[PDB]
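Chemist: experimental coordinates follow, after the sequence.
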Amino acid sequence: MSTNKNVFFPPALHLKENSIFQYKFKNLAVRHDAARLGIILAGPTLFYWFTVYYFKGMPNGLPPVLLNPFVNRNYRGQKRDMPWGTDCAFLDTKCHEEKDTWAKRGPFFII
Amino acid sequence: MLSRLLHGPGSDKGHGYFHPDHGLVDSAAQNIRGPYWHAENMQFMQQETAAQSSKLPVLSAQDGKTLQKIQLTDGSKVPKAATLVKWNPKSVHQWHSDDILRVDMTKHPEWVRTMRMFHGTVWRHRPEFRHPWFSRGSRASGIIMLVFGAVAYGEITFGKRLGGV
Amino acid sequence: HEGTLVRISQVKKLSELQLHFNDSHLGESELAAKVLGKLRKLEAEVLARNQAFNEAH
Amino acid sequence: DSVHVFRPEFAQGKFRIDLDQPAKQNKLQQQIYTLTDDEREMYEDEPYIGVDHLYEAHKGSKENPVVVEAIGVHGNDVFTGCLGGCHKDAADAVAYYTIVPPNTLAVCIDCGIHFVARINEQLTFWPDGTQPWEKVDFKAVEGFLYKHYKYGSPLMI
Amino acid sequence: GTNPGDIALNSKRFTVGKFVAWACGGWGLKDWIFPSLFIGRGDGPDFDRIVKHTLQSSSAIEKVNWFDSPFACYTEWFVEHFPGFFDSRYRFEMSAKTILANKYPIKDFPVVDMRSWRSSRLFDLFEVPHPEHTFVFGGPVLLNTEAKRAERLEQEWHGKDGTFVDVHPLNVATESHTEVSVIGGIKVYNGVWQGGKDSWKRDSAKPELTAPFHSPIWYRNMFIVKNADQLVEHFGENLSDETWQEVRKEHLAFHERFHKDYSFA
Amino acid sequence: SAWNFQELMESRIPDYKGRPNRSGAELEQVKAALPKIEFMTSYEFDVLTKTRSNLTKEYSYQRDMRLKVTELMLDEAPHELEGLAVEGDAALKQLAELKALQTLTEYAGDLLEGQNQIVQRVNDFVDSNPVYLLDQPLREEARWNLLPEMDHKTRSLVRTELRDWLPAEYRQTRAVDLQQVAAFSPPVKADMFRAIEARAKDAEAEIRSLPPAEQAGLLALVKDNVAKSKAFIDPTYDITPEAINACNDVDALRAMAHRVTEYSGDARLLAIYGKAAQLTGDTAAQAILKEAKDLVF
Amino acid sequence: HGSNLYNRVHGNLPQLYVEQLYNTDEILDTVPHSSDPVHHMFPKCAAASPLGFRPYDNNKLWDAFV
Amino acid sequence: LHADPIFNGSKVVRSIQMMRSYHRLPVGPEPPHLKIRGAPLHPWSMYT
Amino acid sequence: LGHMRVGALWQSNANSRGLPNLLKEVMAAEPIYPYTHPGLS
Ligand SMILES: [Zn+2]
């Protein structure tokens, strides 16, 4: 009477394939999704490493960028107090070590 | 098509909504009358009843005859002695037949979890209360956040950070 | 016996067509005590059911 | 050759109530649409079918009222309404609502229509997986109905 | 209106309530010094008006069953604020009695109360303050769901033929009927049991148990619903329009001596 | 496909098609398969299925409940009317007893209404849960379709099964119409009249075993009851063939024909219309009457 | 509004109100019952208006302060 | 003699106390809004 | 717990006010049988 019967003991269905997988890969949408995956795997990925292998022992001769000149070393006298106290960029780990920046630790809890 | 993009009939305004060819299927029909869009390439199998489970806490609510009428199978390998019954679309009654082989999906973890939510715990109107200690932790966290906010307001305004006293 | 609807074909006097609430005359304290007793019985039954299910499934 | 078992939907409660009787629940939650401006123009010039309307008693007479059914608690007043303009002199801009006692003959003296809003309570088996899979008889149902009438039952909220 | 509660403790010149109202709102020195301007007549029953409306009444005041009704506790409010109350009430009760003394088997009585008013906005149909939970068991049901849909337009929207919408196969079969009768050797098939909508007639009336079977008496309370923004009523079979216009004229002519001595300024 | 805004069930738009296209061979096969059909005027069906006595179209169990409650109320009337004391003359005492009786009947009317409501609630439950009261194959056809949307055969089967699931005292079947069955079966009317006369005689004897004034009052009541019971069973019982033959007024004969047509439309129409045709010389009417008595009656 | 625990326990699915023995607020944390009383928005006004009184009386110090 | 309460029992009264449609404007046979100067104000006016 | 109600019989509340009995409202403290059954005790 309730549908719960088919929830408790659902019917078992017969396939002509060795598994649902194969049977489910006769739909053209799944085939096209697999084709897109294969396109990305075949073209770009195998080519990427190919280039990595082709230029393995050659230099990266791109000229460096020019950020801040010598006459503007003071940044026009602009305040440079980071929220963590010192004057170092967050991920400049080496520069932090020359300004501690981590001796001013707080407490584990409010006190 | 804008209509089809926004889940409408499409170009033909008398058209239906479901396109099971690309995964847009009807869950209600599947649950009630089984996936009749797989009807051409699937067949029911016809010939261990369910009476062995007549004494369990949740299946004891059913009659003995009801469980006797149900025939089970291991659900992995095709029983070589079992005939095949054609699956007929437009027929709402074949999914409910008692002559077809079935599989006991009562040891599935989702089945157990559902029935435990209904038969294995004291009913609470609030799911958060269904877990007692987590609710304790959550109300404690609320009080902790209140205290933290009050202390931070006190410290920032008065200029003393409470660590020296 | 309190499990059935009144069949008019078996009624002998009009007073049998009215529902009877045995506890309609109790005081507040007695009524509260009775309700708490029923709640505790239900709690024991529910705990027994929970044990039986969790042991079997 | 292999055997496949589709994963069933285990959810109970409101979902299983919906999936047990999809016609009634769909009726409850199926949206119906009203006519646009061009459709109103196209409808107002359609013809009557036969000369019956000149002889019969219309739908909404004191002897052939408009009976409608809501769900709720027994004795609770029913919310019903018109979409307006059941009469030439009645407003039609927006729907007009009504609160009426159940199981009583009411008359709208705006349009002149007699209606029978009434309540049917949606008493259903506790959906926890113990619902019956085969035809059930009147005994257990008799007990449950007696208890509901005498004391009441919880709400599925 | 208002219930003054205890008149005694609020008449005192100096009171905690008066001082609090002065501090926060509702009272001030303007009331202590000039009560005749800011208190004046106040709000309460008007004994003189009640006496006037009582003595203007006809002998209907004697013949009305009002003083035994459950609304007898509102006698002064309606005598003061409803000029010609007793004559109108007597006409109302005599109308009910003449409906009761009819020759029809079903006596229909019109009922009008606070629920008899329709509205386009749903929050106007609830009692104030509104209940905590509203529309728990779904929203309104439209009577229009029981009318035949626009079949032609519906077919046309879908691009279906719809040519033969009005041409249907005839059906003459015994399998299509559940209500079978035998009437003088004739087996008549007619109708199908539908359910709750087939028993609207009996569930709406209450019998008089003492009335014989050959002269039944049934009482039915017909509810009335109106918009109150329409200005024209259409009762249907219960009251013809010409009769209603006649009743309007007669009612406005009789209930005029009770209304002519007052101005609306 | 990554979204799914479905609903429980899509709305259903009817397909109309049309009346069947039956060819000549199919037409002859159908016509050779039909019974001896008599096409009936809508007036005939109307009089067959008109509401005459069961004014409120109440089922059997509702009428049984009302009669049972009346019996129970009468069995308790003397106890409620016993010992009443009030200051006043005889008329005041009579009005006091009338008020006591009214209170008694209003008390009993509420219990009956409560029981009617309870049985109606049981039947409402039956409709609300149809799939739980049905066997295969009707269960799925009740699950997927509403009453207006079912096939006629499946609809009838489903409704009959749901009605028969209930105990005999809850099944909703219309009660018999005494006037109808009397109007379409001459013996039944004779039996009903015999029963009325038997009850009248028995009541007259019972009255004659009572003190004087009560005798006169109750005898008047018995006469009125017999007269009105007869007028209830068959309002046209006074239009006898003897009376028809004794009537020589065109207007009176027309009135008789109208009254018979309202009631049952039986061969007494042949008699009345024949006597009207003879008094007026309507040969066309006489020919039509011959045809009618050959075919109609 | 008074509690409805008698009807709830004697009603149709008593197992749903076993939690009421635990730390629970009936108005907020319990399954609603078909026979439960109707809860209004502002109970003070809902109870005072039908009697003709306003919710707060200035004579009472507690009412005035509130 | 008291039977079980029912919503359509004999002892139910018209609900004229609890307001539902507050902002309505009653219609039907109604007097003209005459305005005499110096006369007592009518009960059914906006002035008191 | 206060005054818990006993049973679940109909009570006039906000959601339901019932169907008024106009006949009893009008014919209050007056018999009906002098009109329905004139002349009978
Ligand atoms: Zn209307």
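Modeler: All right, it came through fine. Numbering: from 1, shown residues only, chains lettered A, B, ... in the order given.

Chemist: grab the most central residue of chain A for me.
Modeler: What sits nearest the mean C-alpha location of chain A, by C-alpha atoms, centre = their mean, is residue A:45, with 16.1 Å.

Chemist: what about that residue, which SS state?
Modeler: Here residue A:45 takes the helix state, with states given by DSSP: H, G, I helix; E, B strand; the rest coil.

Chemist: next, find the distance separating it from residue F:118.
Modeler: 75 Å (C-beta to C-beta, to the nearest Å). Every C-beta, even on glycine, is put in place using the N, C-alpha and C of the backbone.

Chemist: likewise for residue B:86?
Modeler: Distance, residue B:86 to residue F:118, using C-beta to C-beta: 49 Å.

Chemist: identify the residues contacting the most far-flung residue of chain G relative to its centre.
Modeler: In terms of distance from the mean C-alpha position of chain G, residue G:59 ranks first, at 26.6 Å (C-alpha atoms, centre = their mean). Residues in contact with residue G:59 (C-beta atoms under 8 Å, 6 or more residues apart in numbering or on different chains) are E:9-10, E:15-17.

Chemist: if you set the cut-off to 6 Å instead, what comes out?
Modeler: Residues near residue G:59 by C-beta atoms under 6 Å, 6 or more residues apart in numbering or on different chains: E:16-17.

Chemist: on that earlier part again, okay, residue B:86 and residue F:118: which has more neighbours?
Modeler: residue F:118 (17 against 10; other C-beta atoms under 10 Å in any protein chain shown).

Chemist: which residues of chain D fall in strands?
Modeler: Along chain D, counting by DSSP state E, strands occupy D:2-4, D:66-70, D:78-82, D:96-100, D:106-108, D:113-119.

Chemist: just the C-alpha atoms of the fourth one, please, in PDB.
Modeler: C-alpha atoms of strand D:96-100 as PDB (Å, rounded to 0.1, in the frame of the first residue of the first chain):
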ATOM      1  CA  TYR D  96     -11.600  38.300  -2.800                       C
ATOM      2  CA  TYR D  97     -11.300  36.100   0.300                       C
ATOM      3  CA  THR D  98     -13.800  34.800   2.800                       C
ATOM      4  CA  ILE D  99     -13.900  33.100   6.200                       C
ATOM      5  CA  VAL D 100     -16.800  30.800   6.600                       C
END
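
Chemist: which neighbouring elements make contact with it?
Modeler: Strand D:96-100 sits against strand D:78-82, with contacts defined as 3 or more C-beta pairs under 6 Å, 6 or more residues apart in numbering or on different chains; DSSP states H and E.

Chemist: what about the helices in the stretch 1-150 of chain F?
Modeler: Remark: helices assigned in the stretch 1-150 of chain F by DSSP state H, counting those that start in this stretch are F:24-33, F:42-49, F:60-80, F:90-128, F:138-144.

Chemist: name the SS class of residue E:26, please.
Modeler: coil.

Chemist: pick out the residue of chain C closest to the ion.
Modeler: Distances between chain C and the ion by C-beta to the ion are smallest at residue C:5, namely 39.2 Å.

Chemist: returning to that earlier point: secondary structure element for the residue farthest from the centre of chain G?
Modeler: Here residue G:59 is covered by no helix or strand, with elements defined by DSSP states H and E.

Chemist: let me see the contact set for the residue of chain C most remote from its centre.
Modeler: Within chain C, the residue lying farthest from the chain centre (C-alpha atoms, centre = their mean) is residue C:57, at 30.2 Å. Counting by C-beta under 6 Å, 6+ apart, residue C:57 touches residue B:112.

Chemist: chain D versus that one, what's the distance?
Modeler: Residue C:57 is 11 Å from chain D, where distance means C-beta to the nearest C-beta, to the nearest Å.

Chemist: same check, this time on residue C:32
Modeler: 17 Å.

Chemist: now that residue: closest residue in space, sequence neighbours ignored.
Modeler: In space, residue C:32 comes closest to residue I:1 once its chain neighbours are excluded; the distance is 4.9 Å by C-beta to C-beta, 6 or more residues apart in numbering or on different chains.

Chemist: again with residue F:92
Modeler: With C-beta to C-beta, 6+ apart as the criterion, residue F:92 has its nearest non-adjacent residue at 6.1 Å, and that residue is residue F:86.

Chemist: grab the nearest non-local neighbour of the residue nearest to the spatial centre of chain H.
Modeler: Central residue of chain H (C-alpha atoms, centre = their mean): residue H:16, 7.2 Å from the mean position. Residue nearest to residue H:16 in three dimensions, not counting chain neighbours: residue E:113, with 5.7 Å by C-beta to C-beta, 6+ apart.

Chemist: isn't that neighbour right up against residue H:15?
Modeler: Yes: contact criterion C-beta atoms under 6 Å: residue E:113 and residue H:15 qualify, at 4.8 Å.

Chemist: check whether stretch F:188-201 contacts chain E.
Modeler: No: Stretch F:188-201 is not in contact with chain E by C-beta under 6 Å from any C-beta of the partner chain; minimum separation 7.8 Å.

Chemist: which residues sit against that stretch?
Modeler: Stretch F:188-201 is contacted by residues F:181-182, F:222, F:226, F:229, F:233-234 when judged by C-beta under 6 Å, 6+ apart.

Chemist: quick check: buried residues in it?
Modeler: Neighbour counts over stretch F:188-201 (16 or more other C-beta atoms under 10 Å in any protein chain shown) mark F:188-189, F:192-193, F:196, F:200 as buried.

Chemist: between the residues you listed, which is nearest chain A?
Modeler: residue F:188 (44.9 Å; C-beta to the nearest C-beta).

Chemist: and that closest one, that one's in a helix?
Modeler: Yes: Residue F:188 forms part of a helix when assessed by three-state DSSP.

Chemist: residues from chain F in reach of chain A?
Modeler: Chain F has residues F:131-132 near chain A, with proximity defined as C-beta under 6 Å from any C-beta.

Chemist: at 7 Å instead, please
Modeler: Selection of chain F residues close to chain A by C-beta under 7 Å from any C-beta of the partner chain yields F:131-132, F:139.

Chemist: quick one on the thing from earlier: so the residue nearest to residue H:16 sits against residue H:14, correct?
Modeler: Yes: counting by C-beta atoms under 7 Å, residue E:113 touches residue H:14, with 4.2 Å between them.

Chemist: which neighbours do the two share?
Modeler: Shared contacts of residue E:113 and residue H:14 (C-beta atoms under 7 Å, 6 or more residues apart in numbering or on different chains): residue I:20.

Chemist: residues near residue F:253, how many?
Modeler: Residue crowding around residue F:253 was assessed by other C-beta under 10 Å; the count is 19.

Chemist: thought it was touching residue F:272?
Modeler: Yes: taking C-beta under 7 Å as the definition, residue F:253 is a contact partner of residue F:272 at 5.6 Å.

Chemist: which residues of the stretch 101-250 of chain F lie near chain B?
Modeler: Taking C-beta under 7 Å from any C-beta as the criterion, the stretch 101-250 of chain F approaches chain B at residues F:136-137, F:140, F:144.

Chemist: residue E:3: which of those is nearest?
Modeler: Nearest to residue E:3, judged by C-beta to C-beta, of these is residue F:144 at 59.8 Å.

Chemist: so who does residue G:29 touch?
Modeler: The neighbourhood of residue G:29, defined by C-beta under 7 Å, 6+ apart, consists of B:125-126.

Chemist: excluding its backbone neighbours, what's nearest whichever residue of chain I sits closest to chain E?
Modeler: Relative to chain E, the nearest point of chain I is residue I:29 (3.7 Å; C-beta to the nearest C-beta). Nearest residue to residue I:29 in three dimensions, chain neighbours excluded: residue E:68, at 3.7 Å (C-beta to C-beta, 6+ apart).
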